[PDB]
Amino acid sequence: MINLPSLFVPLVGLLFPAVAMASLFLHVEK
Amino acid sequence: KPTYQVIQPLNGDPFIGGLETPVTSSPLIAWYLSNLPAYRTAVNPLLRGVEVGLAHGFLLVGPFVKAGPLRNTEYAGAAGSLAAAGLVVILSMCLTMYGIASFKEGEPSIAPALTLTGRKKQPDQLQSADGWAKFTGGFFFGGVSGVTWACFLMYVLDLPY
Amino acid sequence: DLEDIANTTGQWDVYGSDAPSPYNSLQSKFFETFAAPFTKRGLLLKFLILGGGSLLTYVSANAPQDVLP
Amino acid sequence: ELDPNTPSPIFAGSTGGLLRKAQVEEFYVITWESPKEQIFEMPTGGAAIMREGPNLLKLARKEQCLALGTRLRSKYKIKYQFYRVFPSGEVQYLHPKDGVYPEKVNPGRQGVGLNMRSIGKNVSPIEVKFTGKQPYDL
Amino acid sequence: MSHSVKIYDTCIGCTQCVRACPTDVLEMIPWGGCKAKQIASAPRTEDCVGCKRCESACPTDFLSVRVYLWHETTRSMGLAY
């Protein structure tokens, strides 16, 4: 296929954040 | 007729602020804003959803297709959608988990009309979660979609000059 | 008394809060369930935040022959 | 409002007092007497007049509506009077209750002043570890 | 505590001494002998904010109060709005 290891910066530095900024708006409510 | 309405600070009592001047309550403006969610809730939030989704939709194009990160695109997937069919999505649940600051759980259906409304204490809330859904659901199909007759429209353009 | 003009039509007046346009174009239930799944909203959003956001980023990052950083 | 227009404390406009959080929660309002038509100072920055009615201005929050005194008793009058309005009724009868003028004697009401032990040598720090069985909930 | 700052003293006389402080302090509650016989440290304190205007004047001879309340409503800070 050739040259493709780019997912562990969005799933982390991008999407993991989405989760918790969403999710953890559990501090406001759930 | 008078000096400027029957001359008044607010609707009435002057101990609430608002200081109703123009730019506040001139029949010149306050009518340019009430088929929509200004004074009165027309139909439910359902439909207003997409005129809101869509209008705000085909915006955010030349903003991120003419000011894009490496700009003036020669990629057939820009001058339109590209990514920004991301903003509407990063914010079409920037909303849903604000309608979790709305719950209040019902199902009346009163977008049909009865006796000349008021929705009365219509201020404060009095729009439950099963409302704020059908709006921010109108939002996605208004955002994503409103991004393509931007894109889809070729581009006949007026220029500098 | 000529300029006593009896307020050349009173109006009634105060129009209203009453009634200076009908309402919203008949375009509606031309979306009835059309686009549902936020009109089946009955438990969702967790679905559209793995799905939509694994396909604004799965293929969105990867690429078959760079055009690099 | 107007169809019922019951006013007393003249003003005209102002971006000062009362806004959203005095419906959705509590209310607070001051009332008074006066001799003959006199121009006052105001909380919220502005300034107007008097004469009578109830002489019943409504006020945002109660630190705001006693300052009619911290000047509005350097301008004659025994009587000035602020209560507590809700969005529905009572409990907290604010300048109501018994006697008035903070510095007389009918009853004693609350206060106390002591804790357990008095001001004396609390070089004694915090004692027991907080544990559900020894009189430290006061 | 939830409004617990001690201004007490020993005279608790309040003439050319201290009055200042939005609502909070409806005292004069004469304890059975303390000179100008009016005493203690407060009345019902669940009403107003967090001054130390509380001393500034008329003795506390020790400390003087300030903020210490933590548990802190809003009505207990201007801004709940």
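For clarity, chains are labelled A, B, C, D and E in written order, and residue numbers in each chain start from 1.
In this text, contacts are C-beta pairs under 8 Å (C-beta built on N, C-alpha and C of every residue); 3 or more make two chains touch, one makes a residue touch a chain.
Labels paired with UniProt names: A = Photosystem I reaction center subunit VIII; B = Photosystem I reaction center subunit XI, chloroplastic; E = Photosystem I iron-sulfur center.
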Contact-richer chain pair [A-C vs B-D]: B-D
Chain centre separation in whole Å, for chain D relative to chain A (CA means): 50
Centre-to-centre distance between chain C and chain B (centres being mean Cα positions), rounded to whole Å: 6
Averaged-CA centre spacing for the pair chain D and chain C, given as whole angstrom: 46
Intercentroid distance (Cα basis), chain B paired with chain A, Å: 28
Sites on chain A at which at least two other chains make contact: 22
Per-residue overlap in chain C, given as positions that touch at least 2 other chains: 49, 53, 60
Multi-partner residues of chain E (each touching 2 or more other chains): none
Touching pairs among all chains present in the structure: A-B, A-C, B-C, B-D, D-E
Residues of chain B defined as touching chain D within the complex: 9, 11-19, 123-124
List of chain C residues in touch with chain A within their complex: 49, 53-54, 57-58, 60-66
Residue numbers on chain B that touch chain A, as the complex places them: 93, 97, 100-101
Residues on chain E engaged by chain D in the complex (per definition of touch): 6, 8, 14, 19, 22-23, 25-30, 38-45, 47-49, 62, 75, 78, 80-81
Interface residues, chain D side, partner chain B - complex: 1-2, 5, 7, 11-19, 23-24, 57-59
